[PDB]
Amino acid sequence: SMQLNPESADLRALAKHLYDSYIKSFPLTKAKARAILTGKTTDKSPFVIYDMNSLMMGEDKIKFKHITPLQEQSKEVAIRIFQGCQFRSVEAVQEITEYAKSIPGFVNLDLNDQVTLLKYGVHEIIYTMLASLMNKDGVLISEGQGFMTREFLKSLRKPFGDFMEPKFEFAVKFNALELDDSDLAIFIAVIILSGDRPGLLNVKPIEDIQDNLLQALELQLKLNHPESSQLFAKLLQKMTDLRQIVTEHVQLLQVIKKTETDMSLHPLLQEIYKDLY
Ligand SMILES: Cc1cccc(Nc2cc(Cl)nc(SCC(=O)O)n2)c1C
Ligand SMILES: Cc1cccc(Nc2cc(Cl)nc(SCC(=O)O)n2)c1C
């Protein structure tokens, strides 16, 4: 029963606002990532980390632009990589917080509700957007300057061997839906504005902003994806798949925390993981 009415013109306005915010908040878009991954970019090729030699040439070659002290550099490779991944996760939180602030209504929520949403949301968003940086062979790192191979990550000693494999498995299947940035901007807004995160004070306001975002998503997918009538339903099942991947990630992080008692976990990520339980 799709129609051009004042309601649909607004859902199109909401969609455009989210996209523009998204472009402002995330320097590496899916559009840019795909261009690099396929070679079609006019940018210089990323440096490829496929083994321990290229890892060390790459750590010399790639502009990571956040000093590792002479304490972490002393660390073995698997922990060095994990700590890099940790630093990038914290950045992604920063980027995602900025984006969620652009979501109409978000800032007018109670500041503690704004904090809860992000704390239980960010990791679902990180795995969503991580898929944009992944193909079957590997993942773009350091903002598209680098490419680390799936098999090189699998070669790391236990339990560092497994931490990315599930996100690759989620990505290959998510990426087959062929979402673009304009789709992802609404999909991400929907996730962040989840009413059923524990310890929110004001639930109905968040649900009201969401059901709106969801209508905008459904209209967007119908306009943007004539090839599927199933795509909205499939994306709702992805939202459920993502909570599981986050559950299984925490399991892994405990096995790390309680057998690698040496190594540092970023206190902000410790803050987030506290109550995923
Ligand atoms: C702070 C710093 C500087 C230079 C190299 C590294 N180690 C690495 C190595 C690799 Cl292959 N990947 C990373 S983080 C990857 C990412 O940016 O997603 N970090 C680190 C942890
Ligand atoms: C965008 C990007 C690229 C490469 C790595 C990461 N961070 C990840 C990805 C995965 Cl599969 N696992 C981790 S372990 C660190 C953590 O979130 O505790 N951190 C991120 C967020």
Side-chain angles (χ1 to χ4, degrees), residues 14-37 41 43 46 62-68 81-107 109 111 113-134 139-148 163-164 167 170-171 174-175 179-194 197 206 209 213 217 238-239 242-243 245-246 249 265-273 276:
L14 179 42
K16 179 212 209 308
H17 176 78
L18 287 177
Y19 175 69
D20 285 323
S21 308
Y22 173 107
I23 295 304
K24 275 176 56 63
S25 312
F26 304 112
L28 189 48
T29 73
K30 174 161 177 183
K32 312 231 143 183
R34 286 296 121 186
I36 295 159
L37 281 173
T41 202
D43 308 335
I62 294 297
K63 292 192 163 180
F64 294 98
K65 279 182 178 197
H66 190 86
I67 181 163
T68 194
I81 293 171
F82 189 78
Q83 289 185 332
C85 294
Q86 257 199 120
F87 283 136
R88 180 57 192 128
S89 283
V90 175
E91 286 190 348
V93 166
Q94 200 151 355
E95 287 185 10
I96 292 164
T97 287
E98 164 141 293
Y99 175 64
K101 274 155 147 126
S102 90
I103 292 174
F106 188 73
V107 295
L109 294 170
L111 185 50
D113 285 351
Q114 299 189 46
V115 172
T116 298
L117 287 192
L118 281 175
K119 195 178 138 178
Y120 290 100
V122 281
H123 271 98
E124 293 158 32
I125 305 316
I126 290 177
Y127 302 148
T128 300
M129 288 181 81
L130 184 53
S132 302
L133 307 185
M134 285 174 160
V139 53
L140 287 175
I141 66 174
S142 175
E143 293 218 342
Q145 283 185 100
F147 185 84
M148 197 167 34
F163 78 81
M164 192 95 57
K167 290 93 184 153
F170 169 81
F174 193 75
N175 285 343
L179 295 189
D180 67 24
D181 287 304
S182 70
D183 306 320
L184 287 168
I186 318 178
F187 180 70
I188 287 161
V190 166
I191 291 172
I192 295 180
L193 274 293
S194 302
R197 311 295 196 193
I206 292 164
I209 293 171
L213 293 169
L217 178 58
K238 294 311 189 191
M239 291 173 41
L242 275 167
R243 295 212 182 170
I245 295 176
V246 167
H249 182 74
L265 291 143
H266 195 295
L268 183 97
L269 294 182
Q270 286 208 322
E271 210 55 32
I272 290 167
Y273 290 132
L276 282 176

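For this chain, numbers begin at 1 and follow the sequence in order.
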For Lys30, does the NZ atom sit with more than 12 other heavy atoms under 6.0 Å from it, leaving out its own atoms?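 Check passes, neighbour count above 12.
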Pairing of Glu124 and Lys238 as salt bridge, 4.0 angstrom limit: no
What residues, two or more places apart in sequence or in another chain, satisfy ring pair (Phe, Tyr, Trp, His ring centres under 6.0 Å) together with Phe170?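 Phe174.
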If the condition is ring pair (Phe, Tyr, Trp, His ring centres under 6.0 Å), which residues does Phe147 pass it with, not counting sequence neighbours?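 Ring pair (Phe, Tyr, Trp, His ring centres under 6.0 Å) list for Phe147, sorted by chain: empty.
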Residue list, salt bridge (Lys or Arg N to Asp or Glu O under 4.0 Å) with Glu143, at least two apart or on another chain: none
Taking side-chain contact (heavy atoms from CB on, under 4.5 Å) as the definition, give me every residue that meets it alongside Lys65, ordered by chain and number, with sequence neighbours left out.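 In terms of side-chain contact (heavy atoms from CB on, under 4.5 Å), with neighbours along the sequence ignored, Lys65 is linked to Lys63.
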Kindly indicate, with the supporting measurements, whether the criterion side chain to side chain contact (heavy atoms under 4.5 Å, CB included) is fulfilled by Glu91 and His66. CA-CA 11 Å; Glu91 286 190 348; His66 190 86; 5.9 Å; no
Return the set of residues passing side-chain hydrogen bond (donor to acceptor under 3.5 Å, both in side chains) with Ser102 (not counting sequence neighbours), or none when no residue passes. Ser21
Check side-chain hydrogen bond (donor to acceptor under 3.5 Å, both in side chains) between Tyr127 and all other residues, then give those that pass, not counting sequence neighbours.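 Partners of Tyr127 by the side-chain hydrogen bond (donor to acceptor under 3.5 Å, both in side chains) criterion, ordered by chain and then number, come out as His249.
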About how many Å separate CG of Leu213 and CZ of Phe187, when rounded to the nearest 0.5 Å? 12.5 Å
Which of parallel (below 30°), tilted (30 to 60°) and perpendicular (above 60°) describes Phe163 and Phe82? perpendicular
Can you see which heavy atom on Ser132 is nearest to which on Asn175, and at what distance? N-OD1, 4.3 Å
